[PDB]
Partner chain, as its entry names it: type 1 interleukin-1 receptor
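Heads up, the chain below is alone and in the form solved without its partner chain; it's given as structure tokens.
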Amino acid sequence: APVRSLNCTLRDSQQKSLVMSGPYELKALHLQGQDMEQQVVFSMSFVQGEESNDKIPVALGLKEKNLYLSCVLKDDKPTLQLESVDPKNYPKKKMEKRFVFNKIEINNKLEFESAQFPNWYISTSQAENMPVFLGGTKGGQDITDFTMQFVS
């Protein structure tokens, strides 16, 4: 059958929102009130992959954009990028591995581990207005925990 998707927003555990800041660039900042319309709405697809009670493979597309978060080696390091795709072919149930995150539920929070790069996580900085990035470190001024919000 089709692939199933939900619209949602994400906030880091310090409650910073994610907003598109220039061509292909997600940034995390503290947001409230009018400015909350700036936040990125994801289409979270439930994709093929290794699964357990608390570990669910997803893809993170930007709502009604042919753009996905992906994990690739850049200058020899696992990095997070926004990657464009053929809008005729996405989303799909069998997403390529660079697009797949293991959504892990621990203590009422979510972590997004790269399926491609074990123990590398979607991360934010403690500082305001810095890039969302892939981090291979868990607890060291890098926020790897998020809360999920379901939107209409």
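Residue numbers count along the first chain shown, from 1. Only residues modelled in both forms are compared. C-alpha atoms forming the largest set that superposes within 1.5 Å between two forms make up the rigid core.
The form solved in complex with its partner chain exists for this protein as well; it is not shown, and the discussion that follows is about that form.
Contact annotation for 2-30: residues with any non-hydrogen atom within 4.5 angstroms of its partner chain in the entry with it bound are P2, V3, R4, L6, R11, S13, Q14, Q15, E25, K27, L29, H30, listed in sequence order. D54 is the only residue from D54, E96, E64, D35 whose Cα shifts by 2 Å or more between this form and the one not shown, the rigid core being superposed.
When the two forms are fitted on their rigid core, the residues between this form and the one not shown that move as a run of three or more, each C-alpha shifted by 2 Å or more, fall solely in 52-54.
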